[PDB]
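Counting starts at 1 for both ligands and their atoms, in listed order. Below, chains carry the letters A, B, ... as their sequence lines are ordered, and counting in each starts from 1.
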Amino acid sequence: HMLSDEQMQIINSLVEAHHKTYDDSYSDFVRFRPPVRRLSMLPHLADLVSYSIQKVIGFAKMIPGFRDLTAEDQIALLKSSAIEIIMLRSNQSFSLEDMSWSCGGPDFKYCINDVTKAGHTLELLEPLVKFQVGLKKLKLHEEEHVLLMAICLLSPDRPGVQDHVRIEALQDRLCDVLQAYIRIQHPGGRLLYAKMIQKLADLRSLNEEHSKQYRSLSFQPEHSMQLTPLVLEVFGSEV
Amino acid sequence: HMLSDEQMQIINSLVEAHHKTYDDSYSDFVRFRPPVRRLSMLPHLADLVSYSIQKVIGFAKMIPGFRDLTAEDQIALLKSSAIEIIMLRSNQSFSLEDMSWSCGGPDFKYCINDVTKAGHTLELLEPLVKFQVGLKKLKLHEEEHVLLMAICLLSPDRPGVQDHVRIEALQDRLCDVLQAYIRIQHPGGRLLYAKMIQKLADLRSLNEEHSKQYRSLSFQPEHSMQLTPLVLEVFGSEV
Amino acid sequence: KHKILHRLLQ
Amino acid sequence: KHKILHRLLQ
Ligand SMILES: C=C1/C(=C\C=C(/CC)c2cccc(CCC#CCC(C)(C)O)c2)C[C@@H](O)C[C@@H]1O
Ligand SMILES: C=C1/C(=C\C=C(/CC)c2cccc(CCC#CCC(C)(C)O)c2)C[C@@H](O)C[C@@H]1O
């Protein structure tokens, strides 16, 4: 079989969208409050996550169709899914050799211990690292990686979504593209699409645990005052 | 004449309060988002001001009597006066030679141009620098400097204040201390108390101009997202 | 609400 | 409101 023209254009648009919103040089990281190694890494990681949310918003705005959704649906999707896209996109800096996220220099190498010093526990970081390891072992093509981020973003089964039918149809098209790409372009990937859909399930679980632990942070003003306005807004509970 | 015992204790408490909340080493400044020289200094100066608000809160909590005010009055006073205390306390880093605020190293030397790159204009920065120059020329004793900050903080004529009588009585006591200190301990200071009360008037005017320009910043989300939660809360308009 | 999100979503 | 102020004011 073969990929169609419109499927090809979708892949091209998503790859360009990711390249425009993920900077492999990580040179912007020097702008964040510096890392410190009670919650000494919270200022730096709050800034990193806030920066990453802006990038996910930029990526979302270039997913075909997402822009044509209502403003409310665009927000509903980003508020539920941003944390999952950040976990997905961070796989690009994750290193199997170091078991850490390496962002171009030792100051911006984050191990599990660094994240505990931002207020998180092993209840989140143990499944998150196992998630990153298994995702990294899938050896995803860049095409597959950006499709999976877009499919995750365009899930209609999230709280607050109104136009369920329209969003599901968009996600259905991307899933069709991903299945066809794997079948035609990924040698020996007969089990790959299923493994990727499992990763989407894993992300729901990581989402819930992160939300639990973020709630605890956001309820202590001495910690929440270290967050950014954008993090407060996107990870907050307003409707 | 002579200062009384209770006047002496007030001066001692205010000096100790200032020493505990103003760190002449400025070593905490490396924790801020770094300075960059559209509004390239806004992240760094937002962090500096947010840090300074915490210090003013710490100073306020050690003013005799301020703690025994209601929580609402404590907040009303800090929300109206914090910007003025920051302008007063910054005189300690202001340099007549450089016309700038020099905070222990060239990275943390702020000239007028640096502050314009945080969203402010000469309508604020011209009177502010003239204010700093004239205040610096008063050659205030440390005792006089901390009394003036406490008197500014304990002004009952600010919006939101409820127990007007109680706060005015506290401010009256501090004014009495300051007049007696100048008369007894400041040689040739016969015009000093009057010049200091004029500076309090100047600060009302600097307050209004800063509030004008801060409102403009806080109404543009691409700028307000660079502020801190504490700055948003203290300089915000909620009651 | 969502002042910053609306702005970023253009 | 004033969540952070209340906390800082102990
Ligand atoms: C963000 C990215 C990266 C790392 C993510 C990490 C490890 C520090 C990470 C590690 C653990 C948890 C999370 C999810 C976001 C979070 C958080 C912190 C707060 C306090 C906001 O809950 C992210 C680096 C880089 O690939 C960009 C990507 O967007
Ligand atoms: C803050 C302190 C200092 C400098 C203040 C400056 C110059 C940068 C300054 C210069 C101009 C205006 C203001 C008032 C606060 C403000 C602001 C910026 C925002 C964007 C929040 O309006 C402060 C340094 C040091 O003495 C500590 C003091 O608390």
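For ligand 1, the atoms lying closer than 4.0 Å to a non-hydrogen atom of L217(A) are 20 (C). Atoms of ligand 1 lying under 4.0 Å from any heavy atom of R89(A), numbered from 1 in the order shown and given with element: 26 (O), 27 (C), 28 (C), 29 (O). The distance from ligand 1 to the heavy atoms of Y110(A) drops below 4.0 Å at these ligand atoms: 8 (C). Per-residue contacts place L42(A) under 4.0 angstrom from the following atoms of ligand 1 (heavy atoms of the residue considered): 20 (C). Interface atoms of ligand 1 facing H210(A), defined by a heavy-atom separation under 4.0 Å, are 16 (C), 17 (C), 22 (O). Numbered from 1 in the order shown, with element, the atoms of ligand 1 that lie under 4.0 Å from a heavy atom of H120(A) read 18 (C), 19 (C), 20 (C), 22 (O). Residue contact check: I86(A) has heavy atoms under 4.0 Å from atoms 1 (C) of ligand 1. Of all atoms in ligand 1, numbered sequentially from 1 with element shown, those under 4.0 Å from a heavy atom of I83(A) are 14 (C), 15 (C).
Contact record, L230(B) with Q54(B): CD2-CG, 3.5 Å, taken as the closest heavy-atom pair. Minimum heavy-atom separation, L153(A) to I85(A): N-CD1, 3.8 Å. Of all heavy-atom pairs spanning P64(B) and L14(B), the tightest one is CD-CD2, 4.0 Å.
A heavy-atom separation below 4.0 Å is found between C103(B) and ligand 2. Residue contacts with ligand 2 include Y22(B), since one or more of its heavy atoms lies under 4.0 Å from the ligand.
When hydrogens are left out, the protein atom nearest atom 4 (C) of ligand 1 is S90(A) CB, 3.6 Å; that is the closest non-hydrogen contact. Looking only at protein heavy atoms, the nearest one to atom 1 (C) of ligand 2 is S52(B) OG, 3.3 Å. Of the protein's non-hydrogen atoms, the one nearest atom 16 (C) of ligand 1 is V49(A) CG2, 3.6 Å. At the top of the distance list for atom 13 (C) of ligand 1, counting protein heavy atoms only, stands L128(A) CD2, 4.3 Å.
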Show, in sequence, the C-alpha distance, side-chain angles and deciding distance for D47(B) and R33(A), and conclude whether the side chain to side chain contact (heavy atoms under 4.5 Å, CB included) test is met. CA-CA 9 Å; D47(B) 284 351; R33(A) 283 168 291 173; 3.8 Å; yes
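Look at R204(A) and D157(A) and you find a salt bridge, because one of the NZ, NE, NH1 or NH2 atoms lies within 4.0 Å of a carboxylate O, short of that distance.
For ligand 1, one of its N or O atoms has an N or O atom of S93(A) under 3.5 Å away. Between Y26(B) and ligand 2, no pair of N/O atoms sits closer than 3.5 Å.
No more than 12 heavy atoms of other residues, nucleotides or ligands lie within 6.0 Å of CZ in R31(A), so this atom counts as exposed by the packing criterion.
In summary, the aromatic rings of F235(B) and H210(B) are positioned with their centroids under 6.0 Å apart. If you look at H44(A) and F108(A), their ring centroids are closer than 6.0 Å.
Among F94(B), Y110(B), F29(B), the one residue that satisfies the ring pair (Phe, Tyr, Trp, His ring centres under 6.0 Å) test with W101(B) is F94(B). For the salt bridge (charged side-chain N to carboxylate O under 4.0 Å, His left out) with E84(B), the lone residue among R89(B), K79(B), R158(B) that qualifies is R158(B).
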